[PDB]
Amino acid sequence: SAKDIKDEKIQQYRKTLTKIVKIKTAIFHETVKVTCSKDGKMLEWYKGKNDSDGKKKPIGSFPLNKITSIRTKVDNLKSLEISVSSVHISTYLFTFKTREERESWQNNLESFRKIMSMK
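Taking the PDB entry as the reference, the protein chain is identified by name as C-terminal PH domain from PfAPH belonging to Plasmodium falciparum Tanzania. Per the header of the deposited record, the title is "PH domain from PfAPH".

Right, dumping it as structure tokens:
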């Protein structure tokens, strides 16, 4: 757009949005590198373990505009429970090894979400 608005948010946030975290779903629990899509509409994640990936591709990213609530796991501040409008799959848990690491993530992603969902 200019230096801030449409594309720029995607490029800017994507950098800080990329993190090695532990994903926890009904389908699979896999340590993964979470980043934002090149389109900026979804949150794309690539296996962040090593070679023990059970997809050999993105494990099945979801669109950020479907998120219904993003809050830190109230019983575990190192984890993040993200409720999203989802199909066959459980609520998405973004889990880090420390709070400070995950803290930065929601701070960024929530605002990026606010640009799209709270637009």
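We are not done yet, so read on.
Enquirer: Break down the pattern of salt bridges for me, with residues and values.
Expert: Under the criterion given, the structure shown has six salt bridges. Here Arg102 and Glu103 are joined by a salt bridge, their closest N and O atoms 3.9 Å apart. Judged by its relative accessible area of 2%, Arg102 falls in the buried class. Measuring nitrogen to oxygen at the nearest pair gives 3.4 Å for the salt bridge that ties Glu110 to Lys114.

Enquirer: Describe the layout of surface pockets, listing the residues and the values that go with them.
Expert: In this structure, the largest pocket occupies an estimated 210 Å³ of space. What lines the largest pocket is a set of 17 residues, among which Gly60, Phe62, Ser86, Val87 and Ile89 lie closest to the centre. Its residues assigned to classes, the lining of the largest pocket shows nine nonpolar, seven polar and one charged. Taken as a whole, the second largest pocket holds about 150 Å³ of empty space. As for the second largest pocket, its lining consists of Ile5, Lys6, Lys9, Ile10, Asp39, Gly40, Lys41, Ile115, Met116 and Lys119. Where the lining of the second largest pocket is concerned, the elements lending two or more residues are α1 (6–17) and α2 (99–116). When residues of the lining of the second largest pocket are assigned to their parent elements, the largest contribution, three residues, is made by α1. Residues that form the lining of the second largest pocket fall into these classes: four nonpolar, one polar and five charged.

Enquirer: Talk me through the nonpolar core; I want residue IDs and the actual numbers.
Expert: In terms of nonpolar packing, the biggest core is built from 26 residues, with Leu43, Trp45, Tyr92, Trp105 and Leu109 touching the most fellow members. When residues in this core are grouped by element, the largest group, four residues, is from α2. In contact with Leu109, not counting residues within four places along its chain, are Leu17, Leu43, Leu64, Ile67 and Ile70.

Enquirer: Tell me about the side chain of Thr72, and name the residues and values.
Expert: By the secondary structure assignment, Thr72 is in strand β5 (residues 67–72). In terms of polar contacts, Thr72 uses its side chain to reach the side chain of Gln106, at 3.0 Å. In this view, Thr72 contacts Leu77, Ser79, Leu80, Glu81, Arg102 and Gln106; residues no more than four positions away in its chain are not counted.

Enquirer: I'd love a proper account of the environment of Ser117, names of residues and values included.
Expert: As for its position among the elements, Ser117 is in the segment after α2. Taking the relative accessible area as the measure of exposure, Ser117 reaches 36% and is therefore partly exposed.

Enquirer: Summarise a positive patch on the surface; cite the residues concerned and give the values.
Expert: Together, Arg14, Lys33, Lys38, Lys47 and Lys57 line one region of the surface with positive charge. Here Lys57 is to be found in the loop between β3 (42–47) and β4 (62–63). With a relative accessible area of 56%, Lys57 lands in the exposed category.

The rules behind each value
- Residues numbered from 1 in each chain as written, not as in the entry; some residues may be left out.
- Heavy atoms only, no water.
- Salt bridge = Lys/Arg side-chain N within 4 Å of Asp/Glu carboxyl O.
- Buried < 20%, exposed > 50% of the residue type's maximum accessible area, 1.4 Å probe, protein only.
- 1 Å grid on protein atoms, 1.4 Å probe; cavity = no way out; pocket = protein on both sides within 12 Å on 5 of 7 lines; lining within 4 Å.
- Points joined across faces, edges and corners; volume = space filled by probe spheres on them.
- Nonpolar A, V, L, I, M, F, W, Y, C, P; charged D, E, K, R; others polar.
- Helix = DSSP H or I, 4+ residues; strand = E, 2+ residues; numbered from the N terminus.
- Core = buried A, V, L, I, M, F, W, Y, C linked by side-chain atoms within 4.5 Å.
- Contact = heavy atoms within 4.5 Å.
- Polar contact = N/O pair within 3.5 Å; in protein donor to acceptor, adjacent residues only side chain to side chain.
- Patch = residues over 30% accessible without salt bridge, like charges linked within 9 Å, V, L, I, M, F, W, Y side chains within 5 Å.
- Areas by Shrake-Rupley, 256 points an atom, 1.4 Å probe, with all protein chains shown as cover.
- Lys, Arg positive; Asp, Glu negative; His and termini not counted.
- Charge placed at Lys NZ, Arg CZ, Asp CG, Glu CD.

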